[PDB]
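The structure appears below as structure tokens.
There are 6 protein chains.
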Amino acid sequence: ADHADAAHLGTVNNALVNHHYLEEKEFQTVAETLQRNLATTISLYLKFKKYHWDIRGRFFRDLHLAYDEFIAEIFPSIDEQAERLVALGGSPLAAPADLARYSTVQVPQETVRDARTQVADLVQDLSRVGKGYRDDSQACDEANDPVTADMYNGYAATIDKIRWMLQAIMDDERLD
Amino acid sequence: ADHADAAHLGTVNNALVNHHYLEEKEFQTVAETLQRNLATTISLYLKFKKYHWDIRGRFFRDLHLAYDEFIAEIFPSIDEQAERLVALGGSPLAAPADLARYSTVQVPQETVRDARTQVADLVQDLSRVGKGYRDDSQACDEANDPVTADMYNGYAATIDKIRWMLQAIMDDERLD
Amino acid sequence: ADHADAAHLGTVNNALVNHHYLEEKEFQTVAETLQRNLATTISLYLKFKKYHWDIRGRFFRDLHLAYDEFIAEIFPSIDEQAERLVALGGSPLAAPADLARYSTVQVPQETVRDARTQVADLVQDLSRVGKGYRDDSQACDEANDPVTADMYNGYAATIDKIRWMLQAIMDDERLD
Amino acid sequence: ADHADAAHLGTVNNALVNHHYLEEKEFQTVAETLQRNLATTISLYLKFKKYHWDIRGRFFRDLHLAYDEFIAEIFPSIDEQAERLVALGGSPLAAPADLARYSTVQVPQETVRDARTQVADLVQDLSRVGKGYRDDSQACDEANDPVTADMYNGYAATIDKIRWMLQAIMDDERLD
Amino acid sequence: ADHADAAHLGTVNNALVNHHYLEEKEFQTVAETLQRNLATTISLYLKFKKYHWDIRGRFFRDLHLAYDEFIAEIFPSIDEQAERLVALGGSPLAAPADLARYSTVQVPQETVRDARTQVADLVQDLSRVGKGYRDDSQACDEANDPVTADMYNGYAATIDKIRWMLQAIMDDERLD
Amino acid sequence: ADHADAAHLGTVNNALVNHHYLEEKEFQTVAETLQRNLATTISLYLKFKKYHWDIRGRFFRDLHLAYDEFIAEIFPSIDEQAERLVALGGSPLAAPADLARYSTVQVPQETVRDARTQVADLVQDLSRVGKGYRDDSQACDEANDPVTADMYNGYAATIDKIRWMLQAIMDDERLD
Ligand SMILES: [Co+2]
Ligand SMILES: [Co+2]
Ligand SMILES: [Co+2]
Ligand SMILES: [Co+2]
Ligand SMILES: [Co+2]
Ligand SMILES: [Co+2]
Ligand SMILES: [Co+2]
Ligand SMILES: [Co+2]
Ligand SMILES: [Co+2]
Ligand SMILES: [Co+2]
Ligand SMILES: [Co+2]
Ligand SMILES: [Co+2]
Ligand SMILES: [Co+2]
Ligand SMILES: [Co+2]
Ligand SMILES: [Co+2]
Ligand SMILES: [Co+2]
Ligand SMILES: [Co+2]
Ligand SMILES: [Co+2]
Ligand SMILES: [Co+2]
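Chains as they are written, first to last, in the numbering used here: chain A, 1 to 176; chain C, 1001 to 1176; chain W, 2001 to 2176; chain P, 3001 to 3176; chain B, 4001 to 4176; chain H, 5001 to 5176.
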């Protein structure tokens, strides 16, 4: 949570870095959410891709294409969240080990062929991520950062929407 | 190298998977290069992004924009290499831990402000990656896979080109 | 295989026709592959269309749309392969009877409603066509025609990709 | 003419097929024209292509380019006519042997270099096809199918237009 | 052939220049082909333009427009070949005197009105250039540079195609 | 200056060529400026490219990209000036030797790495070219050719603009 703060490195070309209009503790609150959400988004991209590549069965086209649509929707938020953190005097992480540590979403290491399995996995992730943005929006606003909060409201709407579609798809006993 | 083979899982919806026109050992040769290059490309994307976000100094615009241009050039190869592996009866990895293990490129975990530092780091990566594709192209062709080999020839030209630009930028004593 | 050679017609406006930088036997090798692949591509277009038009059942949208996507991918190769043959002093065939004779793919004359049936039919075609291009690429290169060979490497990657998607779709016991 | 009717196959996934608002004999009348015109259009595409690829002489550019323009104009009608037949409970043919049987246009199997020859050949085809659509439009309307009839009126205008241009080109004694 | 090597200038901002993954002799082989082809392409552009501007007669539109189409096809290769040379530690020449020396194509200094004359001139150039790329592709591959070789395969296909069209146009006794 | 006049060749397909609404001496005045400016523009393109390809150092991105922007601005004028000459009964030169003779800009044959060097070289060229168009515009107008004059006014504005940017870049003691 403090591993994202880059205003006190004391290193070259870092002298002017500060937390703009946010107090130290407010930045701590916001930066925690930004770094966490950044790792999560990137991880969702990788996860959607993995399932995108490994899916097989009669619902191959449905999920393979849907995953890319979902990726297109969330991809822009990767750069947006990272630079928002930067604009606040923070440094975004992007290394595999940092992704693994801060992401609320785990990317599979196994080959998942089964459709219900991928979907249920994704649906649980999205419920968690969607509520995550709702809660982070409120936290940021309280932390006096309506700007980041605003960004989260948009992201939230997108996650919630994707959540609905995937949940709808798996709400079927004939699926399997 | 065998952790990429998905033709013998014996799991549901995997019965038809095979290595198309490649023999078992030929697939082993090709799949090694595909999974390795896949991890590397994704890692380059993350690395270019990290430096993109952390760069500061009078050359901020030059490198910040150049990194995005470079990303746009290599990004398409992520899906292309992964699905090429899939079309050959393989399963592409994408999880942070898999990226870390198979990538020939390491994504920084520290905040690098210095321009020469980012560049020299990237230049060494690209010399390695560029030659990597040249060597993998020859290997695949020998393995009777002129198709993948062809893909690598294109990727190689792009890496070599990016390598040149970054090397040119740092070939300056006044840089620092 | 020699019915594609147009450099010795002795007819009007044919005096300058020759096999460019290829020897007579080399052209024979290349032209065989070009005319065969031309007939095959056109036949695949017609076949994808036929199934596109006749499919019914709960997977109508999946296959009906996928077939058009696949067509869009291979269509450009029709003109490209035909004119490549022409640039080498050959004459491409396109008449129904020529298509039937040289194509490695047969277009159905019956109305196939069943999805597994269309798919399995197509998958077998693609395994054959995909390997066909791989083998023809090697043959052309040996025949001193790296140019045509290059064209085949690209086509091959596309066929192999389509092969994967269709095979994945039918790898399901619940399909039927 | 009855080989196009697919409402009585009694096969799987065919139970709901019927002739919509057309009586049995009316469908017979319309389907005859649809299947015939479908084969003809596809055959015109192949023929325009063949001449496109084989033309030589000082009028190479004129005809080579004109043929592609003409193809672009009629190509869309291939899918449109086939699916119109389908929407009426019919099954469109597309196999080489079916094309050869129902088309009013024959695709050349020989290499035609001569310009006047290709043109005169095409002009006769178009006079026949153009009048064909005019007559089929009237037949369909009488058969209570103003919808298909409407489609033919459009196609007719396009054929008649192409007919004019080609006829104009060959109306020259200096041509040869 | 060595006037293209820029890895040993010992001048400012040249310290890092090297031949990437190619040995010294391999670069010599590749660079010879790159500089030669670069001069040739630029010269073809100028030549196509000259004839484009000077053509007169009843075939003015055919050739004037065709020349621009041909230019559009080869133009991109100017920057591509030059930077490929650069990425390998070479320096591309572009001065008139360098063009004249290394080009396998000579740009006319006289006003050529006659169509057959321009065409036959161009056709001979293209046979030479087309075979040139075929031979250079093999040479580069042997020199362990499948990447440049790949670039040449593409260029070759374009030259061979243009060669065909122009040869076809002049294969006519009524031309003059 | 008279090597550009093509109204008196007495050769085939040249019978109708004349100087439109310009008198013989007026054409001589205008054609001199047109051929000179044509050679110059083409030479600027080649020169911008050469420096584009050879630049190295910390200002690589600035100049490499700026040169292409500048090229895009002046490129259209190559065809425009050449055909303007043609419309007046002249024949544009384009051969390397003609470029070298009539251009007021010399393309480098050496590899220039240094930024100040390229820039100062270019700035001197542009001052010369910019004033060249201003003076040629007045000359043409006096020669009763407000049309060509108009073309030059536009070109002039573009050269003057490019001149400013490059001069601004080098107006720095820290450059080197
Ligand atoms: Co702080
Ligand atoms: Co579906
Ligand atoms: Co950004
Ligand atoms: Co808002
Ligand atoms: Co295996
Ligand atoms: Co800069
Ligand atoms: Co994909
Ligand atoms: Co290639
Ligand atoms: Co022959
Ligand atoms: Co064509
Ligand atoms: Co019926
Ligand atoms: Co359709
Ligand atoms: Co209407
Ligand atoms: Co050297
Ligand atoms: Co014409
Ligand atoms: Co460039
Ligand atoms: Co005169
Ligand atoms: Co022009
Ligand atoms: Co004006």
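In this text, a Cβ means the ideal position worked out from N, Cα and C, and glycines have one as well.
Cross-chain neighbours of residue i in chain C, by beta carbon under 8 angstroms
| i | result |
| --- | --- |
| residue 4983 of chain H | Limits of chain H in this structure are 5001 at one end and 5176 at the other, which puts residue 4983 of chain H out of reach. |
Cα-Cα separation, residue i to residue j
| i | j | result |
| --- | --- | --- |
| B/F4059 | B/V4105 | 24 angstroms |
| W/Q2109 | W/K2050 | 9 angstroms |
| W/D2145 | B/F4075 | 24 angstroms |
| B/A4120 | H/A5095 | 19 angstroms |
| C/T1040 | C/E1080 | 13 angstroms |
| W/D2171 | C/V1086 | 14 angstroms |
| H/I5042 | W/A2031 | 42 angstroms |
| H/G5132 | W/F2027 | 56 angstroms |
| C/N1014 | W/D2125 | 20 angstroms |
| A/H19 | W/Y2155 | 54 angstroms |
| B/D4005 | C/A1007 | 48 angstroms |
| H/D5114 | B/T4011 | 9 angstroms |
| B/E4173 | H/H5052 | 47 angstroms |
| P/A3066 | P/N3153 | 23 angstroms |
Residue i at chain W interface by Cβ criterion, 8 angstroms
| i | result |
| --- | --- |
| C/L1016 | yes |
| A/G57 | yes |
Residue i, buried or exposed, once every other Cβ within 10 Å from all chains shown has been counted against 16
| i | result |
| --- | --- |
| B/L4088 | buried |
| H/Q5138 | exposed |
| C/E1083 | buried |
| B/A4072 | exposed |
| A/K25 | exposed |
| B/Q4118 | buried |
| A/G57 | buried |
| B/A4001 | exposed |
| P/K3047 | buried |
| W/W2164 | buried |
Neighbour list for residue i in chain B, Cβ cutoff strictly below 7 angstroms
| i | result |
| --- | --- |
| H/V5012 | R4113 and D4114 |
Chain E within 8 angstroms of residue i, Cβ atoms only
| i | result |
| --- | --- |
| B/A4066 | Any reference to chain E falls outside this structure, whose protein chains are A, C, W, P, B and H. |
Proximal residues of chain H, C-beta to C-beta of residue i below 9 angstroms
| i | result |
| --- | --- |
| residue 4177 of chain B | The structure shown does not extend to residue 4177 of chain B, since chain B is modelled only from 4001 to 4176, so the question has no answer here. |
Min CB distance residue i to chain B below 8 angstroms
| i | result |
| --- | --- |
| P/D3062 | yes |
| H/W5053 | yes |
| W/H2019 | no |
| C/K1161 | yes |
Interface partners of residue i on chain B, CB under 9 angstroms
| i | result |
| --- | --- |
| C/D1176 | Simply none; closest approach about 14 angstroms. |
Below-8 angstroms beta-carbon distance, residue i vs any chain C residue
| i | result |
| --- | --- |
| A/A7 | no |
| A/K49 | yes |
Chain-ordered neighbours of residue i on chain H, where CB pairs are closer than 7 angstroms
| i | result |
| --- | --- |
| C/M1165 | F5060 |
Proximity test, Cβ basis, 8 angstroms: residue i and chain P
| i | result |
| --- | --- |
| W/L2046 | yes |
| B/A4031 | no |
| B/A4039 | no |
| B/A4168 | yes |
Interface flag, residue i vs chain H, CB-CB below 8 angstroms
| i | result |
| --- | --- |
| C/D1172 | yes |
Query raised in the report: Using a Cβ cut-off of 9 angstroms, which residues of the region 4072-4084 of chain B contact any Cβ in chain C, in chain order?
Result: For the region 4072-4084 of chain B, the residues whose beta carbon sits under 9 angstroms from a beta carbon of chain C are, in order, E4080, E4083 and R4084.
Requested in this report: With 7 angstroms as the C-beta to C-beta threshold (strictly closer), list the residues of the region 5112-5132 of chain H near chain C in chain order.
Outcome: The region 5112-5132 of chain H vs chain C, Cβ under 7 angstroms: nothing.
Query raised in the report: Listed from N- to C-terminal order along the chain, which residues in the region 4135-4148 of chain B have their beta-carbon within a distance smaller than 7 angstroms of any beta-carbon of chain C?
Result: Near chain C, meaning a CB-to-CB distance below 7 angstroms, the residues of the region 4135-4148 of chain B are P4146 and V4147.
Query - Interface positions of the region 99-113 of chain A facing chain C (Cβ-Cβ less than 7 angstroms), listed along the chain - result: Along the region 99-113 of chain A, going in chain order, the ones with a CB nearer than 7 angstroms to a CB of chain C are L99, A100, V107, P108, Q109, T111 and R113.
Query raised in the report: Using a Cβ cut-off of 9 angstroms, which residues of the region 86-99 of chain A contact any Cβ in chain C, in chain order?
Result: Listed by position, the residues of the region 86-99 of chain A near chain C (Cβ gap below 9 angstroms) are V86, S91, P92, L93, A94, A95, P96, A97, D98 and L99.
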